[PDB]
file final24.cif (mmCIF, C-alpha atoms and all ligand atoms)
data_my_file
loop_
_atom_site.label_atom_id
_atom_site.label_comp_id
_atom_site.auth_asym_id
_atom_site.auth_seq_id
_atom_site.Cartn_x
_atom_site.Cartn_y
_atom_site.Cartn_z
CA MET A 1 -47.00 19.17 -41.55
CA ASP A 2 -44.93 15.97 -41.75
CA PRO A 3 -41.72 17.96 -41.03
CA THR A 4 -43.06 18.70 -37.54
CA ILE A 5 -42.86 14.95 -36.91
CA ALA A 6 -39.43 14.67 -38.53
CA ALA A 7 -37.79 17.10 -36.11
CA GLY A 8 -39.84 15.48 -33.36
CA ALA A 9 -37.78 12.37 -34.06
CA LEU A 10 -34.50 14.26 -34.40
CA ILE A 11 -34.98 16.15 -31.13
CA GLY A 12 -36.43 13.25 -29.15
CA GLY A 13 -33.89 10.86 -30.62
CA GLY A 14 -31.14 13.25 -29.59
CA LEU A 15 -32.50 13.16 -26.05
CA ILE A 16 -32.38 9.36 -26.14
CA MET A 17 -28.67 9.60 -26.90
CA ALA A 18 -28.07 12.39 -24.40
CA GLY A 19 -29.33 10.61 -21.31
CA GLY A 20 -27.65 7.53 -22.71
CA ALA A 21 -24.16 9.00 -22.67
CA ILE A 22 -24.59 10.67 -19.28
CA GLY A 23 -25.64 7.22 -18.13
CA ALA A 24 -22.78 5.11 -19.46
CA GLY A 25 -20.14 7.84 -19.36
CA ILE A 26 -20.56 8.44 -15.64
CA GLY A 27 -21.42 4.83 -14.84
CA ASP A 28 -18.24 3.40 -16.35
CA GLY A 29 -16.47 6.12 -14.41
CA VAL A 30 -17.95 5.45 -10.99
CA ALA A 31 -17.46 1.72 -11.51
CA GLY A 32 -13.93 2.01 -12.84
CA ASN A 33 -13.01 4.37 -10.02
CA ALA A 34 -13.58 1.40 -7.72
CA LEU A 35 -11.36 -0.83 -9.85
CA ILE A 36 -8.32 1.46 -9.93
CA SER A 37 -8.36 2.02 -6.17
CA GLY A 38 -8.71 -1.73 -5.71
CA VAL A 39 -5.75 -2.40 -7.99
CA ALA A 40 -3.93 0.50 -6.37
CA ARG A 41 -4.29 -1.23 -3.00
CA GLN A 42 -3.18 -4.71 -4.04
CA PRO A 43 -1.92 -5.42 -7.58
CA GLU A 44 -2.64 -9.14 -7.32
CA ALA A 45 -6.35 -8.25 -7.14
CA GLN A 46 -6.54 -7.18 -10.80
CA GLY A 47 -7.14 -10.83 -11.60
CA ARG A 48 -10.33 -11.13 -9.58
CA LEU A 49 -11.58 -7.53 -9.58
CA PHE A 50 -12.49 -8.02 -13.25
CA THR A 51 -15.22 -10.44 -12.15
CA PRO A 52 -17.37 -7.74 -10.49
CA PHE A 53 -16.17 -4.91 -12.75
CA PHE A 54 -17.14 -6.46 -16.07
CA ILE A 55 -20.51 -7.27 -14.51
CA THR A 56 -21.37 -3.70 -13.54
CA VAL A 57 -20.10 -2.28 -16.83
CA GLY A 58 -22.21 -4.94 -18.52
CA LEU A 59 -25.37 -3.71 -16.83
CA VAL A 60 -24.32 -0.11 -17.40
CA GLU A 61 -23.54 -0.65 -21.06
CA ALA A 62 -26.92 -2.27 -21.57
CA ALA A 63 -28.58 0.96 -20.47
CA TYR A 64 -26.59 2.64 -23.22
CA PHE A 65 -27.07 0.16 -26.05
CA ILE A 66 -30.85 -0.02 -25.67
CA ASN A 67 -31.03 3.76 -25.99
CA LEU A 68 -28.69 3.54 -28.97
CA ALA A 69 -31.10 1.10 -30.59
CA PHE A 70 -34.08 3.30 -29.75
CA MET A 71 -32.33 6.32 -31.25
CA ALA A 72 -32.13 4.45 -34.55
CA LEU A 73 -35.78 3.44 -34.13
CA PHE A 74 -36.53 7.14 -33.73
CA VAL A 75 -34.38 8.38 -36.61
CA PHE A 76 -34.78 5.47 -39.04
CA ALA A 77 -38.32 4.25 -38.29
CA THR A 78 -40.30 7.25 -36.89
CA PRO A 79 -42.97 5.10 -35.19
CA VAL A 80 -45.75 7.65 -34.60
CA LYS A 81 -46.57 8.43 -38.22
CA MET B 205 13.10 6.80 20.57
CA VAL B 206 15.57 7.10 17.70
CA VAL B 207 13.99 6.94 14.25
CA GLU B 208 16.19 4.83 11.97
CA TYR B 209 15.10 4.19 8.37
CA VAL B 210 16.44 0.68 7.88
CA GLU B 211 15.40 -0.52 4.42
CA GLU B 212 12.56 -0.67 1.92
CA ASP B 213 11.85 -4.41 2.33
CA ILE B 214 8.47 -4.13 0.50
CA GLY B 215 7.90 -2.13 -2.72
CA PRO B 216 4.85 -3.52 -4.62
CA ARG B 217 3.43 -4.60 -1.21
CA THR B 218 -0.29 -4.85 -0.44
CA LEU B 219 -0.86 -1.59 1.40
CA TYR B 220 -2.21 -1.71 4.95
CA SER B 221 -5.56 -0.24 5.87
CA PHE B 222 -5.61 1.75 9.09
CA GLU B 223 -8.68 2.34 11.26
CA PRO B 224 -9.23 5.14 12.06
CA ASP B 225 -5.85 6.35 10.75
CA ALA B 226 -2.14 5.66 10.97
CA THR B 227 -1.12 8.61 13.15
CA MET B 228 -3.67 8.09 15.92
CA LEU B 229 -2.90 4.37 16.05
CA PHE B 230 0.82 5.15 16.21
CA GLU B 231 0.48 7.65 19.05
CA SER B 232 -1.79 5.24 20.91
CA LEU B 233 0.58 2.31 20.43
CA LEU B 234 3.88 4.00 21.35
CA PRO B 235 3.27 4.07 25.14
CA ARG B 236 2.22 0.41 25.03
CA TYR B 237 5.54 -0.31 23.33
CA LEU B 238 7.43 1.58 26.03
CA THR B 239 5.64 -0.26 28.82
CA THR B 240 6.20 -3.68 27.24
CA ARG B 241 9.88 -2.74 26.98
CA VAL B 242 9.88 -1.90 30.70
CA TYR B 243 8.14 -5.22 31.37
CA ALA B 244 10.81 -7.13 29.45
CA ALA B 245 13.43 -5.19 31.41
CA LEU B 246 11.86 -6.19 34.73
CA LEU B 247 11.73 -9.83 33.65
CA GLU B 248 15.37 -9.88 32.54
CA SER B 249 16.35 -8.22 35.82
CA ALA B 250 14.45 -10.82 37.85
CA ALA B 251 16.09 -13.71 35.99
CA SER B 252 19.50 -12.07 36.39
CA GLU B 253 18.94 -11.56 40.12
CA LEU B 254 18.02 -15.22 40.56
CA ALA B 255 21.13 -16.29 38.63
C1 LIG A 301 -34.87 -4.27 -24.85
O1 LIG A 301 -35.16 -3.96 -23.50
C2 LIG A 301 -34.31 -4.60 -22.57
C3 LIG A 301 -34.59 -4.51 -21.20
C4 LIG A 301 -33.73 -5.14 -20.30
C5 LIG A 301 -34.02 -5.06 -18.77
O2 LIG A 301 -35.06 -4.19 -18.56
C6 LIG A 301 -32.77 -4.53 -18.01
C7 LIG A 301 -32.14 -3.23 -18.60
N1 LIG A 301 -30.85 -2.96 -17.93
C8 LIG A 301 -29.97 -4.13 -18.04
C9 LIG A 301 -30.19 -1.82 -18.54
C10 LIG A 301 -34.35 -6.47 -18.24
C11 LIG A 301 -34.79 -6.42 -16.76
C12 LIG A 301 -36.04 -5.98 -16.37
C13 LIG A 301 -36.37 -5.96 -14.97
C14 LIG A 301 -37.64 -5.52 -14.54
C15 LIG A 301 -37.95 -5.50 -13.17
BR1 LIG A 301 -39.69 -4.90 -12.58
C16 LIG A 301 -36.99 -5.92 -12.24
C17 LIG A 301 -35.74 -6.36 -12.67
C18 LIG A 301 -35.43 -6.37 -14.07
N2 LIG A 301 -34.21 -6.80 -14.48
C19 LIG A 301 -33.88 -6.83 -15.76
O3 LIG A 301 -32.61 -7.27 -16.13
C20 LIG A 301 -31.58 -6.88 -15.25
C21 LIG A 301 -35.37 -7.18 -19.16
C22 LIG A 301 -36.61 -6.62 -19.47
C23 LIG A 301 -37.50 -7.29 -20.31
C24 LIG A 301 -37.14 -8.52 -20.86
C25 LIG A 301 -35.90 -9.08 -20.56
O4 LIG A 301 -35.54 -10.32 -21.12
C26 LIG A 301 -34.73 -10.20 -22.28
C27 LIG A 301 -35.02 -8.41 -19.72
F1 LIG A 301 -33.81 -8.95 -19.44
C28 LIG A 301 -32.62 -5.85 -20.79
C29 LIG A 301 -32.43 -5.88 -22.18
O5 LIG A 301 -31.33 -6.58 -22.71
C30 LIG A 301 -31.01 -6.20 -24.03
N3 LIG A 301 -33.25 -5.27 -23.02
#
call {"tool": "encode", "arguments": {"input": "final24.cif", "output": "structure tokens"}}
result
Amino acid sequence: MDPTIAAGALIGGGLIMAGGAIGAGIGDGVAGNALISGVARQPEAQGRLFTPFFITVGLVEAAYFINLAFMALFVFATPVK
Amino acid sequence: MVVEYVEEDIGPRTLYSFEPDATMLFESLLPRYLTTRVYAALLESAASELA
């Protein structure tokens, strides 16, 4: 009955936050790995390397936050009902 | 050639990139260094002979 939809939001919602964290978690890694090396090669670059870095992270973090929002929309709104 | 470790000079220095790598470049540059030394020797000898 209605419970079968409830878990359908808890499972699906969980998925929305699984692929979210694998997305940001690795993204912020593979982006930050290019910052450290950069700063490791010339310390005076830390001033300007934040201009590309905080762009990529921005994009990456968007992919997370949207999913975050959707997870709420799955757990606190249950659209298909 | 004698290897003498003179100083540090640069500590937080912007590191050099080597293409393809440092060792191959070094072993390809050493004979050029020897021959430019021999060239400078020949030039100094010519000037000395004229003097
Ligand atoms: C709430 O859902 C979103 C979605 C989006 C985007 O999908 C990008 C998501 N990434 C940043 C993780 C975005 C987008 C779609 C594209 C589509 C093609 Br075809 C080609 C390039 C595209 N490039 C884009 O931006 C880089 C987009 C989409 C719609 C309206 C938009 O206006 C507000 C809008 F910006 C951003 C967002 O911000 C909170 N919320």
call {"tool": "atom_distance", "arguments": {"input": "final24.cif", "atom1": "CA of residue 221 (chain B)", "atom2": "CA of residue 242 (chain B)"}}
result
29.3 Å
call {"tool": "closest_atom_pairs", "arguments": {"input": "final24.cif", "of": "chain B", "to": "chain A", "cutoff": "12 Å", "atoms": "only C-alpha atoms", "output": "JSON lines"}}
result
{"residue": "B:215", "atom": "CA", "partner": "A:43", "partner_atom": "CA", "distance": 11.4}
{"residue": "B:216", "atom": "CA", "partner": "A:43", "partner_atom": "CA", "distance": 7.6}
{"residue": "B:217", "atom": "CA", "partner": "A:42", "partner_atom": "CA", "distance": 7.2}
{"residue": "B:218", "atom": "CA", "partner": "A:42", "partner_atom": "CA", "distance": 4.6}
{"residue": "B:219", "atom": "CA", "partner": "A:41", "partner_atom": "CA", "distance": 5.6}
{"residue": "B:220", "atom": "CA", "partner": "A:41", "partner_atom": "CA", "distance": 8.2}
{"residue": "B:221", "atom": "CA", "partner": "A:41", "partner_atom": "CA", "distance": 9.0}
call {"tool": "residues_near_ligand", "arguments": {"input": "final24.cif", "ligand": "ligand LIG 301 (chain A)", "cutoff": "9 Å", "atoms": "all atoms listed in the file", "output": "list in words"}}
result
residues 58, 59, 60, 61, 62, 63, 64, 65, 66, 67 and 69 of chain A
call {"tool": "atom_distance", "arguments": {"input": "final24.cif", "atom1": "CA of residue 79 (chain A)", "atom2": "CA of residue 9 (chain A)"}}
result
9.0 Å
call {"tool": "atom_distance", "arguments": {"input": "final24.cif", "atom1": "CA of residue 56 (chain A)", "atom2": "CA of residue 22 (chain A)"}}
result
15.8 Å
call {"tool": "residues_around", "arguments": {"input": "final24.cif", "residues": "residue 81 (chain A)", "least_positions_apart": "3", "cutoff": "9 Å", "atoms": "all atoms listed in the file", "output": "number ranges by chain"}}
result
A: 2, 5, 78
call {"tool": "residues_around", "arguments": {"input": "final24.cif", "residues": "region 74-77 of chain A", "least_positions_apart": "4", "cutoff": "8 Å", "atoms": "all atoms listed in the file", "output": "list in words"}}
result
residues 9, 10, 12, 13 and 70 of chain A
